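**Student:** Got a structure for you, questions after.
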Amino acid sequence: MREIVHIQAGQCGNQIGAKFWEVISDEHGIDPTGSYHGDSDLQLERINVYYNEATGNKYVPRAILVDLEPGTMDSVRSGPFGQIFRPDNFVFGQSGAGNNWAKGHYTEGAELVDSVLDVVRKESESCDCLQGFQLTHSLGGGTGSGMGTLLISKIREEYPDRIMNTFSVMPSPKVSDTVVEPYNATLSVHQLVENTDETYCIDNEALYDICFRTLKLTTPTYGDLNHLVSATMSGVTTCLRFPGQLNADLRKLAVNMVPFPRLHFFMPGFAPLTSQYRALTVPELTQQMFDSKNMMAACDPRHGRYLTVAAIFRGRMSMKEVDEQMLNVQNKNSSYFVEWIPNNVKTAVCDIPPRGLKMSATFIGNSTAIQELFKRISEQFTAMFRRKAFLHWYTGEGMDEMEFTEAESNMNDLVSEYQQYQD
Amino acid sequence: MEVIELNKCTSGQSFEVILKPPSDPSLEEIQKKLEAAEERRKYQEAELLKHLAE
Amino acid sequence: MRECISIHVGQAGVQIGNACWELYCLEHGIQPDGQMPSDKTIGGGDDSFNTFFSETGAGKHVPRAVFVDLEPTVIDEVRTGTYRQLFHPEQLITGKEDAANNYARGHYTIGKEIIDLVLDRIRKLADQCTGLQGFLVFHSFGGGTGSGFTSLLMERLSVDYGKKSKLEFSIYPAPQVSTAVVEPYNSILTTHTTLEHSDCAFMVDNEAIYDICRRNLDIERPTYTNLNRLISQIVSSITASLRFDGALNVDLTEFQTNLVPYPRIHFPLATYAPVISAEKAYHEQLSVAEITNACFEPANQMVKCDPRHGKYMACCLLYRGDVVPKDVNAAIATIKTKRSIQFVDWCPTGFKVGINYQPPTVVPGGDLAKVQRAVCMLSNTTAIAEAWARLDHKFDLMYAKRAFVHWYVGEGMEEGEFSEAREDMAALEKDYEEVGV
Amino acid sequence: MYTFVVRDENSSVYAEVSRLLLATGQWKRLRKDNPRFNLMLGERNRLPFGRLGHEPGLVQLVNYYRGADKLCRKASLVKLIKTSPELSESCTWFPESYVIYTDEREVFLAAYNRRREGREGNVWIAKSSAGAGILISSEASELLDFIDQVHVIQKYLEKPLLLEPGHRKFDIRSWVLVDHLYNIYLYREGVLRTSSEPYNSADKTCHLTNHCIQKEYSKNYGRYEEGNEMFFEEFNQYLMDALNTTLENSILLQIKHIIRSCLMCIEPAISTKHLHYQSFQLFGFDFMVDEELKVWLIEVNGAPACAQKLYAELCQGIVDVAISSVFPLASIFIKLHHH
Ligand SMILES: Nc1nc2c(ncn2[C@@H]2O[C@H](COP(=O)(O)OP(=O)(O)OP(=O)(O)O)[C@@H](O)[C@H]2O)c(=O)[nH]1
Ligand SMILES: Nc1ncnc2c1ncn2[C@@H]1O[C@H](COP(=O)(O)OP(=O)(O)CP(=O)(O)O)[C@@H](O)[C@H]1O
Ligand SMILES: Nc1nc2c(ncn2[C@@H]2O[C@H](COP(=O)(O)OP(=O)(O)O)[C@@H](O)[C@H]2O)c(=O)[nH]1
Ligand SMILES: [Ca+2]
Ligand SMILES: [Ca+2]
Ligand SMILES: [Ca+2]
Ligand SMILES: [Mg+2]
Ligand SMILES: [Mg+2]
Ligand SMILES: [Mg+2]
């Protein structure tokens, strides 16, 4: 009983979190009402990591839904699996945060954060041995970005010895709502540098390119983007949800993946990505899983070097052939793996494949090429900040220009820290 | 090639064959090191809570 | 009769210990419920098997074993396994959260909170012993519990049982089955602090067991179950002299006397033969000469290295099956005229030989074929330092960048313990070179 | 796509081999410290053999035999020949040698007095492995003073075979490649490193036939043959016109016998047959020929250089039988068969 508490905050965080629970409830055989209707004991073996067991053999997700607007969470409660969530775990306000990090972090969000921590405390008190927390949110908005990072700070204060894990959606001008997204993301990244142990960087630029270039969707929607995120979130948490030896909990994953405390930002990847009945061989899974076109961070791994890599294969396949192809990729491109961390690629196999796939592969890479993501955000930040453009939305909430300058310096420091280990 | 010290019993036997002749910390000190490490953990957490209080 | 207590720490120690006690029961005719029909002294006795099994008035033969793990899922396998009736709950010690592949977490943070409980449960077994020999300690090098908590336990055992001998069965890390990148750190941290507390340690490289299972058992992808069945055969070969009538290696002290002239160089190499697949309906039984010759093939060693480029300090041959001393000496005489077997000048060039007539026991339905005879060679070669060289080099690569070090400092360990542990391995690696060249 | 590393930049032989491997498009060179290699062109001193063969899914091969130094050191070769029953002290193709710093001082002076009293030629030569320092004398008291590293004193062949015209000394270099299956391949092409000065049996220029000494201390360098190097075609033609015999009959049969004897002797000690990594190695054998057409072994080189005219042929042969036999892509040697 190594429990995880899930938190989803803001519009993006709640829409992506809702799909995540829809996906893994299906994999574990949990129906939209909390009743288990599966056919394999592997489904219930580690079910308690994400689900509470209530009266009547009901499985209740250990999930807390947070937003400063009621709108999106009403759509979750009206969604397919909306009735499976604990009603008391819906914590929302009415003001919204207007895509404003200062409102989420300092004014509107501070008013609501205590009632979220009350729900977090109730879930933690019924945990046999809480591992830590996972948070889904975007960095470009106000609630998920500003209030989400405020939440993380206050969670760390009350549970300083627990792991903090986030799925963080990075903004991109390609898939943008407002021009202030680089401000919100830059302010949030520094919070994540200090207050998370593991962050999956999910780049909306990459999600768009994959939907358009690869999946052949000329007009991708947010729903299409979230299909890629759901499949990625299911893959990267397979080792937590099913029996296995490698990266079986959040702390062992962090010990395997994070050689330096600040460099804990991962590029996730998924294979296959098909626009569909054809069987995919193990060599094909391995080549696609490492292909840049399958990465969710919009960074070219050949532009940097892998510190650590986690690979997860799902389905009934030749584990011997899995080892051969994994060793084949490392031995044929060994220049992209740092030589000062021996055997930094770890592979795990799970027999249960995702829905609608005979087999699949999920990639989790700690690559120094991720600095291209932070460089990208830093340039967009500076393009406006050098003219103090749109700053009044933030100074009107009490913030000072110095806090933006310090956020700018902090992320450029992070970029430089990746650069020193790339050489 | 000498066989020496042959001992036989019901469940086996043993012997030696020669081919050529030749040519702690105390309980207190352990507790001190464990308590020193715990104090360094307490100091690092106190600095974290101080940083979060700021 | 003098008793021996087995202690199994971490997942590797517990699952290997589970495989050994299964084999012991099959070897001594002990049924899973603890009953032993061939034992005529009900509720007591000082036979050779009593060194490893105590007896209740009801006739149950209870292993003198303690299982310790910082996570309950592995020891719960023992509580609900085939031999669950053997153990009483006081022997199975579990925690809530494990050491997360972190030596410092197992040694300092979690070890401090559970060390008194483990020692107390060990004291309960020691109080049943009329003359305790000492302890056999099973653990991995790479796991946080197996490395970190074991080194703390070995320190306290030296304090609470100063005159008792302590032997190790250590699992050396192999990336083909390893689960952590920092296992070189844990291996060297735990070797440094345990070195002065262990009288004799048998290292088993998972790489060697893996390849022996692929090559000789035709297992394409061996599992821990495959690896542990083979390991339990080697361990049984080593401990058979403590559990059966005999005159060689009859107590733990004799292991040090026969295999370790220099106390720091206490890592004997183990070589086992033959390993035959059970799927073969009919395999030609190997002779004494053939299985003894196989003891000098690197492909059969528990640690891959080249004894030809080293020197021997001692060498024991442990036979089980249809073996008579006449065939042993004939095989040794031939092997001397073919093999590069150099002893150090300050030691006799010889072989202490032990023969047990009962052939090796295999687990029914397992991968190992029943054989008429088998041998385990325990030789103290300087060539085993190659494993230290490999391990120390990987340590040097990561530590030059301080990679993952913050995980250990974050648990209260000082950074100086890294360099202090590495300098000890450098001195150990230098001692082998002085003895072997 | 195979991978390899280079750890000896000063090797002219394997700098050419590495150049050929790249020219095939199926071999990729990694950094010198990358452990994920198929082939290691290792360093001469302190090669980390103990870290080889521990990479999952990689067949690793190295261009040196661990333990072959016993054959390629002055004192080690003498000790190996005397103490090995396969070679014995009655070995007829190796000059009577002694190790002088166990030590063989009293044993060397024992046979030394038997030659002075018996009116026989009593000239010896002292040398070691720490040279470019060699002394040749007929007085043992002078040889031992020069030593005062381990040195060896062997019988100086006072009756060498002399090429004419010139009345000059020489020595024969043979290149031998031993692959991972311990096949012994003798390169069909050898070289005679000839002295350019007339042999004076009564100055070390006409007595030492090294290519560096004849180019720095000899005034007739390059007179008879280019670079004081006579190849087998010219040398065989000379033996037919002068001595009415062939190179194969008079010399090469003994050379192949000596090569097999030395390498088969240490085969149990260095073979990588059942090892987790495989080895091959190129060797340089140095022979002397006396006036009776008897071949004597002088020394064995473990990291030999090649003749400039033969680098292309031999290095390609190294890739063919030593590297591509283990790693196939998409005869110049004489196989000395044995058991
Ligand atoms: N031969 C063998 N090796 C094992 C077994 N289980 C784990 N290992 C090895 O042990 C190392 C990991 O250490 P573990 O024993 O699993 O970890 P631990 O002692 O439980 O400590 P924690 O970090 O708290 O989990 C890896 O190198 C594994 O390959 C086993 O059953 N048999
Ligand atoms: N016993 C002996 N009788 C006659 N000449 C001898 C001799 N021992 C050595 N020499 C001569 O000395 C020369 C060099 O001897 P040696 O082989 O020890 O030098 P070296 O090892 O530095 C050359 P290389 O670079 O090939 O290793 C040879 O060319 C040989 O002619
Ligand atoms: N992938 C994905 N991104 C989203 C979604 N909704 C919003 N975003 C992104 O998140 C940012 C806007 O933040 P949002 O979550 O709407 O603000 P919040 O409600 O205040 O937290 C922009 O970068 C959007 O591109 C979604 O459903 N999926
Ligand atoms: Ca208000
Ligand atoms: Ca009894
Ligand atoms: Ca002691
Ligand atoms: Mg929005
Ligand atoms: Mg464990
Ligand atoms: Mg030389």
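Convention: chains lettered A, B, ... in structure tokens order; per-chain residue numbering from 1; ligands numbered from 1 as shown.
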Give me, as a Markdown table, each residue of chain C that comes within 7 Å of chain A, together with its shortest interatomic pair and the distance in Å at one decimal, counting only C-alpha atoms, with rows ordered by chain and rising residue number.
**Tutor:**
| residue | atom | partner | partner_atom | distance |
| --- | --- | --- | --- | --- |
| C:96 | CA | A:129 | CA | 6.5 |
| C:100 | CA | A:252 | CA | 4.8 |
| C:101 | CA | A:252 | CA | 6.6 |
| C:175 | CA | A:343 | CA | 6.7 |
| C:179 | CA | A:246 | CA | 5.3 |
| C:180 | CA | A:256 | CA | 5.8 |
| C:181 | CA | A:256 | CA | 5.7 |
| C:220 | CA | A:320 | CA | 6.5 |
| C:221 | CA | A:320 | CA | 5.8 |
| C:394 | CA | A:342 | CA | 6.5 |
| C:397 | CA | A:340 | CA | 4.7 |
| C:398 | CA | A:340 | CA | 5.3 |
| C:403 | CA | A:259 | CA | 4.8 |
| C:404 | CA | A:259 | CA | 4.1 |
**Student:** Please identify the residues whose atoms come within 12 Å of ligand 6, using only C-alpha atoms and all ligand atoms, and report them as number ranges by chain.
**Tutor:** B: 24-26; C: 134-135, 154-167, 194-200, 253, 256, 263-264
**Student:** Could the residues that lie within 9 Å of ligand 4, counting only C-alpha atoms and all ligand atoms, be listed as an NGL selection string?
**Tutor:** :A and (95 or 107-108 or 111)
**Student:** Set the distance at 7 Å and use only C-alpha atoms: which residues neighbour residue 106 of chain C once local chain neighbours fewer than 3 positions away are removed? I'd like the list as an MDAnalysis selection string.
**Tutor:** chainID C and resid 99 102:103 109:111 144:145 148:149
**Student:** Which polymer residues have any atom within 10 Å of an atom of residue 10 of chain B, counting only C-alpha atoms, with same-chain residues fewer than 6 positions away left out, as a ChimeraX atom specification?
**Tutor:** /C:245-246,356-357
**Student:** Atoms to include: C-alpha atoms. Write the selected residues as a PDB file, in the first residue's frame.
**Tutor:**
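Final file, part.pdb:
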ATOM      1  CA  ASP C 245      28.278 -35.383   9.145  1.00  0.00           C
ATOM      2  CA  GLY C 246      31.802 -34.567   8.019  1.00  0.00           C
ATOM      3  CA  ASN C 356      29.358 -35.970   0.698  1.00  0.00           C
ATOM      4  CA  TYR C 357      27.873 -39.139  -0.775  1.00  0.00           C
TER       5      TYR C 357
END
**Student:** Do you know which residues are within 10 Å of ligand 5 using only C-alpha atoms and all ligand atoms? Can you write them as JSON, numbers by chain?
**Tutor:** {"C": [36, 37, 38, 39, 40, 41, 42, 43, 44, 45, 46, 47, 49, 50, 53, 54, 55, 56, 57, 59, 60, 61]}
**Student:** Would you list the residues that come within 6 Å of ligand 2? Count only C-alpha atoms and all ligand atoms and give the answer as a PyMOL selection string.
**Tutor:** chain D and resi 95+132+154-157+171+208-210+298-299+301
**Student:** Generate a file of the selected residues that holds C-alpha atoms, formatted as a PDB file, in the first residue's frame.
**Tutor:**
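Everything below was put into result-v9.pdb:
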ATOM      1  CA  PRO D  95      71.256 -19.209 -27.517  1.00  0.00           C
ATOM      2  CA  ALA D 132      66.696   2.127 -27.156  1.00  0.00           C
ATOM      3  CA  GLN D 154      73.457 -14.758 -23.786  1.00  0.00           C
ATOM      4  CA  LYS D 155      76.043 -16.344 -26.057  1.00  0.00           C
ATOM      5  CA  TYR D 156      76.995 -13.979 -28.871  1.00  0.00           C
ATOM      6  CA  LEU D 157      76.859 -15.895 -32.163  1.00  0.00           C
ATOM      7  CA  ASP D 171      68.664 -10.460 -38.880  1.00  0.00           C
ATOM      8  CA  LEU D 208      73.935  -4.564 -34.158  1.00  0.00           C
ATOM      9  CA  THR D 209      71.512  -4.758 -37.089  1.00  0.00           C
ATOM     10  CA  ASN D 210      68.794  -2.410 -35.806  1.00  0.00           C
ATOM     11  CA  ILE D 298      66.788 -13.716 -30.559  1.00  0.00           C
ATOM     12  CA  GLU D 299      63.632 -12.089 -29.176  1.00  0.00           C
ATOM     13  CA  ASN D 301      58.215  -8.330 -30.038  1.00  0.00           C
TER      14      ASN D 301
END
**Student:** Within 7 Å of ligand 3, which residues of chain A show up? Give each one with its shortest atom-to-atom distance in Å (one decimal) and the two atoms involved, counting only C-alpha atoms and all ligand atoms, rows by chain then rising residue number, as CSV.
**Tutor:**
residue,atom,partner,partner_atom_place_in_ligand_line,distance
A:9,CA,ligand 3,21 (O),6.3
A:10,CA,ligand 3,21 (O),3.4
A:11,CA,ligand 3,19 (O),3.6
A:12,CA,ligand 3,6 (N),3.6
A:13,CA,ligand 3,15 (O),6.0
A:15,CA,ligand 3,27 (O),5.1
A:16,CA,ligand 3,27 (O),5.9
A:67,CA,ligand 3,19 (O),6.8
A:97,CA,ligand 3,20 (O),5.5
A:98,CA,ligand 3,20 (O),6.4
A:99,CA,ligand 3,20 (O),4.9
A:137,CA,ligand 3,15 (O),6.5
A:138,CA,ligand 3,10 (O),4.7
A:139,CA,ligand 3,11 (C),6.3
A:140,CA,ligand 3,11 (C),4.2
A:141,CA,ligand 3,13 (O),3.3
A:142,CA,ligand 3,20 (O),3.5
A:143,CA,ligand 3,20 (O),3.6
A:144,CA,ligand 3,21 (O),3.6
A:145,CA,ligand 3,21 (O),5.8
A:169,CA,ligand 3,3 (N),6.3
A:170,CA,ligand 3,23 (O),6.4
A:171,CA,ligand 3,23 (O),3.9
A:172,CA,ligand 3,23 (O),6.3
A:175,CA,ligand 3,25 (O),5.0
A:176,CA,ligand 3,25 (O),4.7
A:177,CA,ligand 3,22 (C),5.4
A:181,CA,ligand 3,23 (O),6.3
A:204,CA,ligand 3,1 (N),5.7
A:222,CA,ligand 3,28 (N),4.9
A:223,CA,ligand 3,27 (O),6.4
A:225,CA,ligand 3,1 (N),5.2
A:226,CA,ligand 3,28 (N),5.2
**Student:** Keeping only N, CA, C and O atoms, take the residues you just selected and write them out as a compact mmCIF listing (two decimals), in the first residue's frame.
**Tutor:**
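Generated file (again_14.txt):
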# COMPACT_ATOMS: atom_id res chain seq x y z
N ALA A 9 -5.43 20.84 -11.50
CA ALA A 9 -5.73 22.24 -11.23
C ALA A 9 -5.84 23.01 -12.53
O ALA A 9 -4.99 22.88 -13.42
N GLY A 10 -6.88 23.84 -12.64
CA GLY A 10 -7.07 24.67 -13.81
C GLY A 10 -7.79 23.95 -14.92
O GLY A 10 -8.13 22.77 -14.83
N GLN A 11 -8.04 24.69 -16.01
CA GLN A 11 -8.75 24.12 -17.15
C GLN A 11 -7.97 22.95 -17.76
O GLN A 11 -8.47 21.83 -17.83
N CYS A 12 -6.73 23.21 -18.19
CA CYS A 12 -5.92 22.17 -18.81
C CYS A 12 -5.68 21.02 -17.85
O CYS A 12 -5.80 19.85 -18.23
N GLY A 13 -5.33 21.33 -16.59
CA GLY A 13 -5.06 20.28 -15.63
C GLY A 13 -6.25 19.36 -15.40
O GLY A 13 -6.09 18.15 -15.26
N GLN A 15 -8.95 18.93 -17.55
CA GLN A 15 -9.33 18.20 -18.75
C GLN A 15 -8.35 17.06 -19.04
O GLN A 15 -8.77 15.97 -19.46
N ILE A 16 -7.06 17.28 -18.80
CA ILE A 16 -6.08 16.22 -19.00
C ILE A 16 -6.15 15.20 -17.87
O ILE A 16 -6.00 14.00 -18.09
N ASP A 67 -10.03 24.25 -9.18
CA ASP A 67 -10.09 25.31 -10.17
C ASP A 67 -10.68 26.56 -9.51
O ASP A 67 -11.41 26.47 -8.52
N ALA A 97 -9.05 33.08 -12.70
CA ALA A 97 -7.75 33.72 -12.58
C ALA A 97 -7.32 34.48 -13.82
O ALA A 97 -6.19 34.98 -13.85
N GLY A 98 -8.17 34.58 -14.84
CA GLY A 98 -7.89 35.39 -16.02
C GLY A 98 -6.54 35.17 -16.67
O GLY A 98 -5.91 36.14 -17.11
N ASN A 99 -6.08 33.92 -16.75
CA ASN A 99 -4.78 33.59 -17.34
C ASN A 99 -3.66 34.40 -16.69
O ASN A 99 -2.68 34.79 -17.34
N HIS A 137 -1.33 20.06 -14.67
CA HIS A 137 -1.62 21.47 -14.83
C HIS A 137 -0.91 21.97 -16.08
O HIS A 137 0.00 21.31 -16.60
N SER A 138 -1.33 23.13 -16.55
CA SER A 138 -0.60 23.89 -17.56
C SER A 138 0.19 25.00 -16.88
O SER A 138 -0.14 25.44 -15.77
N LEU A 139 1.23 25.46 -17.57
CA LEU A 139 2.04 26.57 -17.09
C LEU A 139 1.68 27.90 -17.74
O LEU A 139 2.17 28.94 -17.29
N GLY A 140 0.85 27.89 -18.78
CA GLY A 140 0.56 29.09 -19.54
C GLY A 140 -0.61 29.91 -19.03
O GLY A 140 -0.76 31.08 -19.39
N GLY A 141 -1.44 29.30 -18.19
CA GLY A 141 -2.63 29.94 -17.66
C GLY A 141 -2.40 30.54 -16.29
O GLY A 141 -1.29 30.95 -15.94
N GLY A 142 -3.47 30.60 -15.49
CA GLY A 142 -3.42 31.25 -14.20
C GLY A 142 -3.65 30.33 -13.02
O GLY A 142 -2.90 30.38 -12.04
N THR A 143 -4.68 29.49 -13.09
CA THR A 143 -4.99 28.60 -11.97
C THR A 143 -3.98 27.46 -11.88
O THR A 143 -3.32 27.28 -10.85
N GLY A 144 -3.86 26.67 -12.95
CA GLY A 144 -2.90 25.58 -12.94
C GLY A 144 -1.48 26.06 -12.73
O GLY A 144 -0.70 25.43 -12.01
N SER A 145 -1.12 27.19 -13.34
CA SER A 145 0.24 27.70 -13.25
C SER A 145 0.50 28.37 -11.91
O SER A 145 1.37 27.94 -11.14
N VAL A 169 2.10 21.06 -18.72
CA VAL A 169 1.92 21.42 -20.12
C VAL A 169 2.54 22.80 -20.35
O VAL A 169 2.11 23.79 -19.76
N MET A 170 3.56 22.85 -21.21
CA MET A 170 4.29 24.05 -21.62
C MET A 170 3.56 24.75 -22.76
O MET A 170 3.14 24.09 -23.72
N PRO A 171 3.43 26.07 -22.67
CA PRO A 171 2.74 26.82 -23.72
C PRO A 171 3.59 26.95 -24.97
O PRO A 171 4.82 26.82 -24.95
N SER A 172 2.91 27.23 -26.08
CA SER A 172 3.55 27.43 -27.36
C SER A 172 2.72 28.42 -28.16
O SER A 172 1.49 28.32 -28.18
N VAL A 175 -0.13 26.90 -30.24
CA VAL A 175 -1.38 26.53 -29.58
C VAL A 175 -1.52 27.42 -28.35
O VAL A 175 -1.26 26.98 -27.22
N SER A 176 -1.92 28.67 -28.57
CA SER A 176 -1.87 29.69 -27.54
C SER A 176 -3.25 30.28 -27.30
O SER A 176 -4.06 30.39 -28.23
N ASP A 177 -3.52 30.64 -26.05
CA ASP A 177 -4.73 31.37 -25.69
C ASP A 177 -4.48 32.86 -25.51
O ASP A 177 -5.24 33.69 -26.03
N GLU A 181 1.25 33.95 -21.76
CA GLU A 181 1.69 32.60 -21.42
C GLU A 181 3.19 32.50 -21.14
O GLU A 181 3.56 31.78 -20.19
N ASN A 204 2.93 21.71 -25.79
CA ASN A 204 1.81 21.82 -26.73
C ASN A 204 2.29 22.03 -28.16
O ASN A 204 1.56 21.70 -29.10
N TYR A 222 -8.00 20.69 -28.92
CA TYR A 222 -7.47 20.36 -27.60
C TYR A 222 -7.77 18.91 -27.24
O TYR A 222 -6.96 18.26 -26.56
N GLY A 223 -8.91 18.39 -27.69
CA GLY A 223 -9.20 16.98 -27.45
C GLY A 223 -8.21 16.06 -28.12
O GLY A 223 -7.82 15.03 -27.55
N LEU A 225 -5.06 16.86 -28.84
CA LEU A 225 -3.84 17.00 -28.05
C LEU A 225 -3.90 16.16 -26.78
O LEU A 225 -2.92 15.51 -26.41
N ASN A 226 -5.06 16.15 -26.12
CA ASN A 226 -5.19 15.42 -24.86
C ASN A 226 -5.21 13.91 -25.06
O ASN A 226 -4.94 13.18 -24.11
**Student:** Set the cut-off to 8 Å, count only C-alpha atoms and all ligand atoms, and list whatever residues fall near ligand 1 as a ChimeraX atom specification.
**Tutor:** /A:245,252 /C:9-16,69-71,97-103,106,139-147,171-180,183,204-206,209,224-225,227-228,231
**Student:** Tell me, counting only C-alpha atoms and all ligand atoms, for each residue of chain D within 12 Å of ligand 9, which pair of atoms is nearest and how far apart they are in Å to one decimal, in rows ordered by chain and increasing number, as JSON lines.
**Tutor:**
{"residue": "D:69", "atom": "CA", "partner": "ligand 9", "partner_atom_place_in_ligand_line": "1 (Mg)", "distance": 11.4}
{"residue": "D:71", "atom": "CA", "partner": "ligand 9", "partner_atom_place_in_ligand_line": "1 (Mg)", "distance": 11.1}
{"residue": "D:72", "atom": "CA", "partner": "ligand 9", "partner_atom_place_in_ligand_line": "1 (Mg)", "distance": 7.6}
{"residue": "D:73", "atom": "CA", "partner": "ligand 9", "partner_atom_place_in_ligand_line": "1 (Mg)", "distance": 7.6}
{"residue": "D:74", "atom": "CA", "partner": "ligand 9", "partner_atom_place_in_ligand_line": "1 (Mg)", "distance": 8.0}
{"residue": "D:75", "atom": "CA", "partner": "ligand 9", "partner_atom_place_in_ligand_line": "1 (Mg)", "distance": 11.7}
{"residue": "D:77", "atom": "CA", "partner": "ligand 9", "partner_atom_place_in_ligand_line": "1 (Mg)", "distance": 11.6}
{"residue": "D:127", "atom": "CA", "partner": "ligand 9", "partner_atom_place_in_ligand_line": "1 (Mg)", "distance": 10.0}
{"residue": "D:128", "atom": "CA", "partner": "ligand 9", "partner_atom_place_in_ligand_line": "1 (Mg)", "distance": 8.5}
{"residue": "D:129", "atom": "CA", "partner": "ligand 9", "partner_atom_place_in_ligand_line": "1 (Mg)", "distance": 6.4}
{"residue": "D:130", "atom": "CA", "partner": "ligand 9", "partner_atom_place_in_ligand_line": "1 (Mg)", "distance": 9.0}
{"residue": "D:131", "atom": "CA", "partner": "ligand 9", "partner_atom_place_in_ligand_line": "1 (Mg)", "distance": 8.2}
{"residue": "D:132", "atom": "CA", "partner": "ligand 9", "partner_atom_place_in_ligand_line": "1 (Mg)", "distance": 8.7}
{"residue": "D:133", "atom": "CA", "partner": "ligand 9", "partner_atom_place_in_ligand_line": "1 (Mg)", "distance": 12.0}
{"residue": "D:173", "atom": "CA", "partner": "ligand 9", "partner_atom_place_in_ligand_line": "1 (Mg)", "distance": 11.6}
{"residue": "D:210", "atom": "CA", "partner": "ligand 9", "partner_atom_place_in_ligand_line": "1 (Mg)", "distance": 10.2}
{"residue": "D:283", "atom": "CA", "partner": "ligand 9", "partner_atom_place_in_ligand_line": "1 (Mg)", "distance": 11.1}
{"residue": "D:284", "atom": "CA", "partner": "ligand 9", "partner_atom_place_in_ligand_line": "1 (Mg)", "distance": 9.0}
{"residue": "D:285", "atom": "CA", "partner": "ligand 9", "partner_atom_place_in_ligand_line": "1 (Mg)", "distance": 9.6}
{"residue": "D:286", "atom": "CA", "partner": "ligand 9", "partner_atom_place_in_ligand_line": "1 (Mg)", "distance": 9.0}
{"residue": "D:298", "atom": "CA", "partner": "ligand 9", "partner_atom_place_in_ligand_line": "1 (Mg)", "distance": 9.5}
{"residue": "D:299", "atom": "CA", "partner": "ligand 9", "partner_atom_place_in_ligand_line": "1 (Mg)", "distance": 6.7}
{"residue": "D:300", "atom": "CA", "partner": "ligand 9", "partner_atom_place_in_ligand_line": "1 (Mg)", "distance": 7.0}
{"residue": "D:301", "atom": "CA", "partner": "ligand 9", "partner_atom_place_in_ligand_line": "1 (Mg)", "distance": 5.5}
{"residue": "D:302", "atom": "CA", "partner": "ligand 9", "partner_atom_place_in_ligand_line": "1 (Mg)", "distance": 8.3}
{"residue": "D:303", "atom": "CA", "partner": "ligand 9", "partner_atom_place_in_ligand_line": "1 (Mg)", "distance": 8.9}
{"residue": "D:304", "atom": "CA", "partner": "ligand 9", "partner_atom_place_in_ligand_line": "1 (Mg)", "distance": 8.5}
{"residue": "D:305", "atom": "CA", "partner": "ligand 9", "partner_atom_place_in_ligand_line": "1 (Mg)", "distance": 10.8}
**Student:** Kindly determine which residues of chain B lie within 10 Å of chain A, considering only C-alpha atoms, and give the answer as a ChimeraX atom specification.
**Tutor:** /B:45,48-53
**Student:** Store the residues picked out above in a file with C-alpha atoms, as an mmCIF file, in the first residue's frame.
**Tutor:**
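Result file follows (result17.cif):
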data_model
loop_
_atom_site.group_PDB
_atom_site.id
_atom_site.type_symbol
_atom_site.label_atom_id
_atom_site.label_comp_id
_atom_site.auth_asym_id
_atom_site.auth_seq_id
_atom_site.Cartn_x
_atom_site.Cartn_y
_atom_site.Cartn_z
ATOM 1 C CA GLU B 45 14.740 20.350 6.924
ATOM 2 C CA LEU B 48 13.851 24.245 4.083
ATOM 3 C CA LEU B 49 11.023 25.312 6.396
ATOM 4 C CA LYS B 50 12.851 28.599 6.997
ATOM 5 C CA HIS B 51 13.102 29.108 3.231
ATOM 6 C CA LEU B 52 9.421 28.268 2.791
ATOM 7 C CA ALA B 53 8.521 30.650 5.625
#
**Student:** For chain A, report every residue with an atom at most 9 Å from chain D (counting only C-alpha atoms), formatted as a list in words.
**Tutor:** residues 323, 324, 327, 328, 330, 331, 332, 334, 335, 339 and 342 of chain A
**Student:** Which parts of segment 1-92 of chain D does DSSP call alpha helix (DSSP H) when run on the backbone here, written out as a PyMOL selection string?
**Tutor:** chain D and resi 12-22+74-83
**Student:** What residues in chain D have any atom no more than 10 Å from chain C when counting only C-alpha atoms, and can you write them as a list in words?
**Tutor:**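 Interface list for chain D against chain C: residues 48, 49, 50, 51, 52, 53, 54, 55, 56, 57, 66, 67, 266, 268, 269, 270, 272, 274, 275 and 276 of chain D.
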